[PDB]
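Below are two forms of the same protein chain, given as structure tokens: structure 1, then structure 2.
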Structure 1
């Protein structure tokens, strides 16, 4: 396989959402992706120990112990074999996931994703064993399982033969253009005429202007980090004066 992924989670069977459905399922079948789970409860000191314990200093919730996690990671590294496995902890305190980040992660041989639960995992585990911390965004979820599946799904799309990933939002810093399909007219709304009767340069130009315009209206910060050209400044100026 092109990419080996090992997931450290207390709910391995949640990962059926990506292993049984979509591109990730197809990539596993096609052999582009190997997906494996490692339950920390199977690695406790003895069968009478929980993965979690009480936080030192008080406060709400439970914290995940270092020993169950350290066991699961050791066993997962062993299964990675000769691959250079990057150990990622899914955390709201990590590097914000972006398409550029997804392209970087898609070049790795192996990835060991650590899906936290409760209030989090012990800092000494992160300090010792985690290579990088990643966030899917600025919000708090109950576990790192949906974030790990978000990472895996975004990365898998970029694997050769998995799917257009070179016609997307955040590829050239722009948002995508609108998409239209049959019928030509639906509920008093017709498909733009350029898509129906325009040539491949008219379509290329209308699609670029719509992408520029949508990015300007919704995600202005995206244009600040992406210096527009003279063609684009003209197409966007036209969009602004014509949006109504």
Structure 2
């Protein structure tokens, strides 16, 4: 009955408590908006040492994940999905960088089977055969795909209806009015509810321009927001 079924293929399923016990994903799991199941490839091995790493063909340092244990856990995950259209995602640095655009696309799916790789990664033929899409969470290399898998689940979950632009946010201020010789901008303490809306929007635009100008090349600035940005750039030291 859940609006998104997620199956995670990982040798560390305990690690995923970070999303099952905490936050919006945890809430969604309880509310039944998200079914979160794990599939340890180690419980699909033929030896007592639960060996899941194989040597690489052509030498070189590192290990490759063993194909048969992965095959097992994937088949089992596919089985539990039922009649749901399940997209198989491999979390990989070589994948399509995840952006909110991709998150919206992934949120439209009814089932997601996420492969959390380890060591040097998973065999190319295994990808070629089973994987539907490859995603990266950013241009940095991590030790495994469990944290990227959890990041993907969290990002998509917020979009699931009931769980809860291209412009950075405005700065935020809370109690006290003055702290360590630093005072809250007057516009917030004494100002119109449309002039606070004005200032916040102007700060949003300005901070985006200052830090993430690329997000503004993508965006198409309106008349109203170009004037507030011009005001920001000119009213700045």
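Positions refer to the first chain, counted from 1. Here the rigid core means the biggest group of C-alpha atoms that line up within 1.5 Å when the two forms are laid on top of each other.
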When the rigid core of both forms is overlaid, which of 218, 47, 29, 54 is the one whose C-alpha moves 2 angstroms or more between the two structures? 47
Keeping the rigid core superposed, can you check how far the CA atom of residue 111 moves between the two structures, in angstrom? 0.1
Using a rigid core fit, what is the CA shift at residue 198 between the two structures, in angstrom? 3.3
